[PDB]
Amino acid sequence: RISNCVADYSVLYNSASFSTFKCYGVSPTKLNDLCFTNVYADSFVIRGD
Amino acid sequence: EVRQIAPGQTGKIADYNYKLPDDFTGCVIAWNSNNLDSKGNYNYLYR
């Protein structure tokens, strides 16, 4: 859980080290301006297919 | 970037050097050129 901080989504997006980075409810460009209440990052490993 | 070069598609190269309009009408063709450009090719570039 991430809270009580300022997130520079612009840096993360410009730091395009990821192959596929898509949001199904938001547009990546609008992320930097938009603000969120609760942010939860779920990390794991899967297969390409 | 084949996906990136397409209407309503974004990417690192897209929006920086070439961005198709959504309303445009046309065709796009892409293919592998490893054999043709096989020896990197610093003549190729990306800003």
# chains A, B, ... in the order shown; residues from 1 in each chain; ligands from 1
>>> interface_residues(of="chain B", to="chain A", cutoff="12 Å", atoms="only C-alpha atoms", output="list in words")
residues 1, 3, 4, 8, 9, 10, 11, 12, 13, 15 and 16 of chain B
>>> residues_around(residues="segment 31-39 of chain A", least_positions_apart="5", cutoff="9 Å", atoms="only C-alpha atoms", output="ChimeraX atom specification")
/A:1-3,7-11,26
>>> closest_residue(among="B:7, B:2, B:37, B:42", to="residue 25 of chain B", atoms="only C-alpha atoms")
B:7
